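There are 2 protein chains.
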Amino acid sequence: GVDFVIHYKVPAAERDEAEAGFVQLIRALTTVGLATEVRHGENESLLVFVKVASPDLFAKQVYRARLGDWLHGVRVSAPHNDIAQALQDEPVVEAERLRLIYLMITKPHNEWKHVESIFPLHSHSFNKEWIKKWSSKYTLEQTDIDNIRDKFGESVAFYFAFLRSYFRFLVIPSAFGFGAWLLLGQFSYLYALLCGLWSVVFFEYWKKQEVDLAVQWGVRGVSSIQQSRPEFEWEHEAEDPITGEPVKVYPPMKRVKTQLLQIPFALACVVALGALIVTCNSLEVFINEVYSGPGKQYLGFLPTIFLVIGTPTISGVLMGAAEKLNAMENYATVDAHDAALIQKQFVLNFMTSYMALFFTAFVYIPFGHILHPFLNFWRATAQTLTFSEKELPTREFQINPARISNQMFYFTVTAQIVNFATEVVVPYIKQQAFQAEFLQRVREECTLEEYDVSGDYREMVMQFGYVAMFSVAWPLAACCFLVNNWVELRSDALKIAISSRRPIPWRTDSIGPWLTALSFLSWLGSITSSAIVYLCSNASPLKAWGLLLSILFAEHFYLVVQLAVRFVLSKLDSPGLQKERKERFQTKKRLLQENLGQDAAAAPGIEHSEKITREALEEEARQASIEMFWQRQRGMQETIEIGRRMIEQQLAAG
Amino acid sequence: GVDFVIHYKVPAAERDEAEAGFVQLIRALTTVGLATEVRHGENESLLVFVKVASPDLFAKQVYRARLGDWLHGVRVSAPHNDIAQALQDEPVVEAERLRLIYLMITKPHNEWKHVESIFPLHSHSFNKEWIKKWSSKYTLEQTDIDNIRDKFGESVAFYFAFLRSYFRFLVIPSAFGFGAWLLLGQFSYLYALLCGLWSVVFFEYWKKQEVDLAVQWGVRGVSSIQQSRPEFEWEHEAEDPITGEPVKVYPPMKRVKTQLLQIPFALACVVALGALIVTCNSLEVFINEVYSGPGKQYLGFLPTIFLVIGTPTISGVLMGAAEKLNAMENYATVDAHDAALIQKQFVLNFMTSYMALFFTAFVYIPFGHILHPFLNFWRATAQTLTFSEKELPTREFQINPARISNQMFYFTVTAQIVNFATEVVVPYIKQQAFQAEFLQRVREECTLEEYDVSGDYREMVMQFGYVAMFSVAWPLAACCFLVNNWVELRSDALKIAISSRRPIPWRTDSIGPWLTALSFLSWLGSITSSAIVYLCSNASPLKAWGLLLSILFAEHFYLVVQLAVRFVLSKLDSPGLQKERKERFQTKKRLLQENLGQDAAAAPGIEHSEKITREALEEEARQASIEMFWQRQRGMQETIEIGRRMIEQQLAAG
Ligand SMILES: [Ca+2]
Ligand SMILES: [Ca+2]
Ligand SMILES: [Ca+2]
Ligand SMILES: [Ca+2]
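So the sequence lines, in the order shown, correspond to chains U and F.
According to my numbering, the first sequence is numbered sequentially starting from 18.
According to my numbering, the second sequence is numbered sequentially starting from 18.
Spelled out as structure tokens, the structure:
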């Protein structure tokens, strides 16, 4: 087990001594302002190792951070004891340390004229047992995730918390999915109902989990605390309606107006990628279904090649517009800026993942006769490329309903197998291609790209869409994903350790933009599943009422289930909110105790009716010192006897 | 202006001296436990006037109540000053006084073997200017509503707060409703779109208002504070997860199972009243459209009579099942119990308000040929009643599309005119029928029924449904309601003063069950409006895709609008939440100030790098007292020069 003695590493690129010298000078000038530097130069770049020296001054600032999170209400309970050191009964976590030091570096104390990067070093002692403990376990448990938060941060931890919860919830659709395949058969208007029910439950259950996880880890509402973006544009300056501190304001409704440009942008993405995919599918159909002579196996790869080149090209242009629109929307914090860029990308992600299936489930199988003009276009086009005047050999276009079965097999099996290779082996091959001791490790680590949690998130989010929308045509899909995900926990944990550098500890109280992404796929999957069932069942397909009634019920079945699930979950206890409420209440009570001396809420008693009587006297006396208004038959019994006399009096009349 | 000197009045029924005497004795025995009694007997019943004597002991308990609402988090800020009397800078409000005294009476200190009632007396001085100030104003303002809360309570105030907000929001559909009638015409697939958009906006905006209103009046979350029901059934006893006090527990999921019986109950209500209304409508059609000889004007009233007798009879039985089911569901607090009974009643309310229109807009006009079997039933039935063997004269059933126009005129104009008479004149006639001074006023007041806010709520809630659902066939409906509501504010205020006794001051943070009622009518009104437009437009009516596509778009238009409106309103500032957050933060900060002496959050400075250096020494010294691990080139410049030497060193290789 190799050890480390450094907190952070900062490499400064060396181009020309004029600017590179200036870079090294003032960078050093600033770091020593609060932190120690040892600078050994390797791999053509000087490496500025930075760690916190004084632990007394550091524990003084970590404690100040604990207080800060409390003051804005992120942290439920004040660190009231005021003993900075004995408050390490809740010790400084490695993630908490690395984050706060990274703050000191990357607060307004730096960012510095093209510094290559800033990153902490891994812990091989920890990384070894990590992949070991998880490869021995069949089932992970919350303590493991808490450990992940401790070394890496909540941003990384939440993914594994999500992946884990999604894995176990993925057991259920694997059950009645296998059951639907075994008994009910394909295109079941029953598996579809169970699918929507499940998607609602898992999602609504996960949202409840994020709250509890935020409370346990103490990051609830951390989204509205992080440093604002440098390139955030502000018109004027006012006071924070909560803190009272000077905050820079930008009209929220003016941002809303700019965000309306996502509607034509999304349409631009659906058209661009959509046309690209529907075209390559038309080639796929023409060369396979419509023969076209020898070399078919060679030609079979041709439409696939168009996808490989076209997808990054077409979407690459669209992303430039996405990145451009993103800045225009002008987000205050870095958290919101990247979360919105992901939402913009999701439209591209949706197209490049499902449009092949939409083409099959709504155009190919249920109709297909509308593909004839597309086929003829390739007929004449193939004739020109042939150079020979003779027509290419042709056979009748025959609709194959097994197309939806083969494509689904790829997405659930083959594409997941080439995934394991691309996500792990290809970066591992890259390392093999590259092929004191600390410094050598430092250089090798310095290469590796920063771990992007977004990449791992969509892989599972897009996969969920396959279940929610198109698994009704392949009910064994949940089973394939369930197996992959068990490996996915291990595999993703493995690539963080060796295929990527240690990411900066970063905090969030949710999976973020992926929530709405999941919510959309689940809803669309209620329409998608039922419509597919009706159309791909294969009586004449009366699109008029037949398709629409099927969608009407299943979509409304989804909506009713949603209200039902939320209602039930709303009457269940939530530890995260309850943990908050109990602490807040005791804090409220203790203050009450202190001021009013442990008399916190007796009854006066009847004997004190004498003091009531004496007080009633005093009003009379003051009034006397000063007509029907002040009439009183004082005394307890005196009023009783009068009424009693009235009792027999009133019966006398009768 | 007649004055009053009493806080509360308690009449004890006088049947037989044996029990009535016992009633008067111990009731007096208990009241004097904390409150004064003067007992004058009138109208065959003894009247026990009750008011608080000691103002020092009363201000001691009002202050204890201010603290209680704080402790559970209802009240944002502690009454920290601890001066009970100088905290009357926020004075005891008449509603606050009357409520707290009513608590002392009606806490576990009473309820008492058939006491007739418990109620405060009106304030004629206040009631006079009330109806005066509002009958002079064209526009009410928030200060007026605040005054209503002060004298009557939040329960009463919220209605007028809702009615006022609903009145001004009702201006908008009156505008493009008049515009649709003036220009676009009936059954406009554009007014319908504007209708759904408005319903979403008004509703979502009002929900935002309730939060701010709750904060302003300091009743936010008061629903979970009020006394539990006596007949609440509990299995075991545990600790409150917040307070830690012994609370009685009843399994929430067991209540959910019982609440599932609302589904067959609702169906039972729709069938019972529905069959009753669809039948009376069949008579209405037969005697008018299908002639049936002389006496038609006399016979015309006959189907109306069936409604008058049948509705309270049929729904009266259904309510017995509702009241029965309500108790089975076993609600902890009185607040939740009555709110669920209202929800059950709403199904009956919906039927008795719209089924006549549904019959017209979906059965009569667009089809009508399915009414022939219903007509023949009345044909033979009328023949038997005639006693003469000769057939009743008959003419061809002709569908009249003006039916939907006449019914809508009634609901918007005529029914609102007979409303003013029924809601105000009829109780006033009752008073005229009935036809010291305080005591006489007391007796007369003692008769009057307690004001029920529920009655006034549904009148506006059911009215809203006419707009959301059926106003597309009569776009001038919003105009009729707009006028009525201006009067409704005045009229309802007038009947509270003279037609009903003063209600017990009661607190709530929302309109309650009516929220979901409004939410349902708005959604169903998106389906209802569009379906009516397509069906009642009058090409052949292709129900298959024509009806369903129309519903698909308009419902999804509603759903998209909802997400749009919520999104926009979520990025708007909310005073009620912000008022809460700012106070909480300052409270948080001040405690911080006190313990750590106004050092609440500087930078160390470079010169202190000397203390950094000395601390770095000490670790070395301890290590010395105890291989590559501890290597340091200490000093700021020493590290700079080494790296600098490396700079020219690395270029030498190149
Ligand atoms: Ca993978
Ligand atoms: Ca992954
Ligand atoms: Ca009225
Ligand atoms: Ca009313």
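Beta carbons are placed, not taken as given, at the ideal position from N, Cα and C, and that holds for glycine.
Margin query: Looking at ligand 3, does it come within less than 7 Å of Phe437 (chain F), judged from the CB to the closest heavy atom?
Written below: yes
Checklist line | Whole alpha helix (DSSP H) elements within the stretch 248-283 of chain U, 4-residue minimum | finding: Fully enclosed alpha helix (DSSP H) runs of no fewer than 4 residues occupy 269-275 of the stretch 248-283 of chain U, in order along the chain.
Notebook entry, point to check: By the criterion of Cβ-Cβ separation under 8 Å, what are the contact partners of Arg81 (chain F) in chain U?
Noted result: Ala618
Next item on the list: Could you tell me if the beta carbon of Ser471 (chain F) falls within a distance shorter than 7 Å of some heavy atom in ligand 6?
Entry: Of the ligands one can find in the structure shown, namely ligand 1, ligand 2, ligand 3 and ligand 4, none is ligand 6.
Next item on the list: Thinking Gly85 (chain U) and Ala510 (chain F) are a contact (beta carbons under 8 Å), I'd like their distance in whole angstroms, please.
Entry: About 51 Å separates the two Cβ atoms, so there is no contact after all.
Checklist line | Limits of the unbroken beta strand (DSSP E) element including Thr53 (chain F) | finding: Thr53 to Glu59
Next item on the list: Run the proximity test for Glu440 (chain F): is its beta-carbon closer than 7 Å to any non-hydrogen atom belonging to ligand 3?
Entry: yes
Checklist line | Interface residues of chain F facing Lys588 (chain U) [CB-CB closer than 9 Å] | finding: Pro269, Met270, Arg272 and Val273
Next item on the list: Would you decide whether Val459 (chain U) is buried or exposed? Buried here means 16 or more other CB atoms lie within 10 Å of its CB.
Entry: buried
Notebook entry, point to check: Are the C-beta atoms of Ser216 (chain F) and some chain U residue less than 8 Å apart?
Noted result: Answer no: the Cβ-Cβ gap between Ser216 (chain F) and chain U never drops below 8 Å.
Notebook entry, point to check: Along chain U, which residues have their Cβ under 7 Å away from the Cβ of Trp151 (chain F)?
Noted result: Within 7 Å Cβ-Cβ: nothing; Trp151 (chain F) doesn't reach chain U, min ~30 Å.
Checklist line | Members of the stretch 83-113 of chain U near chain F, C-beta cut-off 9 Å | finding: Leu84, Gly85, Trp87, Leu88, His89, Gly90, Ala95, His97 and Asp99
Margin query: Quick check for students: name the residue ranges of the alpha helix (DSSP H) that lie wholly in the stretch 88-132 of chain F, counting only runs of 4 or more.
Written below: 111-123
Notebook entry, point to check: Looking at the structure shown, is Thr350 (chain U) part of a helix, part of a strand, or coil, going by DSSP?
Noted result: In the structure shown, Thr350 (chain U) sits in a strand (DSSP, three-state: E or B).
Item checked: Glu505 (chain F) Cβ short of 7 Å to ligand 4 heavy atom set -> Result yes, Cβ under 7 Å from ligand 4.
Next item on the list: Identify whether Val27 (chain F) lies in helix, strand or coil by the three-state DSSP scheme.
Entry: strand
Check: Sorted by chain position, which residues of the same chain lie with C-beta nearer than 7 Å to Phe363 (chain F)'s C-beta, five sequence neighbours on each side aside?
Finding: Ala534
Note to self: Going by DSSP, what residue range makes up the beta strand (DSSP E) through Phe66 (chain F)?
What the structure shows: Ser62 to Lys68
Note to self: Assess contact between the stretch 300-314 of chain F and the stretch 404-414 of chain F, defined as three or more Cβ pairs (one per stretch) separated by less than 8 Å. Is contact present?
What the structure shows: yes
Check: What does DSSP give as the partner residues of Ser245 (chain F) in its beta bridges?
Finding: Looking at the DSSP assignment, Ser245 (chain F) forms a beta bridge with F:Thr350.
Margin query: Can you tell me whether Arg518 (chain F) is helix, strand or coil according to DSSP?
Written below: strand
Next item on the list: Please confirm whether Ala353 (chain U) and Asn343 (chain U) have their CB atoms less than 8 Å apart.
Entry: no
Notebook entry, point to check: Taking three-plus beta-carbon pairs below 8 Å as touching, is the stretch 289-304 of chain U in contact with the stretch 373-383 of chain U?
Noted result: yes
Next item on the list: Count the other C-beta atoms from every protein chain shown that fall within 10 angstroms of the C-beta of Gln105 (chain U), then say buried if there are 16 or more, exposed otherwise.
Entry: exposed
Check: Near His253 (chain U), what residues of its chain come up, given a Cβ to Cβ distance below 7 Å and the 5 sequence neighbours on each side ignored?
Finding: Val266
Notebook entry, point to check: Using a Cβ-Cβ cut-off of 8 Å (strictly less than) and excluding sequence neighbours within five positions of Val430 (chain F), which residues of its own chain qualify?
Noted result: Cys497
Next item on the list: Tell me where the alpha helix (DSSP H) around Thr411 (chain F) begins and ends.
Entry: Element bounds for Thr411 (chain F): n/a, residue is neither H nor E.
Checklist line | Rounded distance between the beta-carbons of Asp163 (chain U) and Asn612 (chain F), thought under 8 Å | finding: So it is not a contact: roughly 31 Å between Cβ atoms.
Item checked: Cβ-Cβ separation, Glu54 (chain U) to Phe39 (chain U) (assumed contact under 8 Å), whole Å -> Not confirmed; about 17 Å, so no contact.
Item checked: Minimum C-alpha distance to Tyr119 (chain F) - residue among F:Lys68, F:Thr156 and F:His625 -> F:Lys68
Check: Going by other Cβ atoms of all chains shown within 10 Å of its Cβ, with 16 needed for buried, is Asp473 (chain F) buried or exposed?
Finding: In summary, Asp473 (chain F) is buried, with 16 or more beta-carbon neighbours lying within 10 Å of its beta-carbon over all protein chains present.
Check: Do we get a CB-CB distance below 8 Å when we pair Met645 (chain U) with the residues of chain F?
Finding: yes
Note to self: I'd like to confirm something about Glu250 (chain F): is its beta-carbon nearer than 7 Å to some heavy atom of ligand 2, or not?
What the structure shows: no
Notebook entry, point to check: Straight-line CA distance for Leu335 (chain U) to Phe367 (chain U)?
Noted result: The straight-line gap from Cα to Cα measures roughly 14 Å.
Next item on the list: Look at the alpha carbon of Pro329 (chain F) and the alpha carbon of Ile421 (chain F), and state the distance between them as a whole number of angstroms.
Entry: 25 Å
Notebook entry, point to check: Identify the residues that DSSP records as bridge partners of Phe367 (chain F): which are they?
Noted result: In the DSSP secondary-structure assignment, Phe367 (chain F) is not bridged to any residue.
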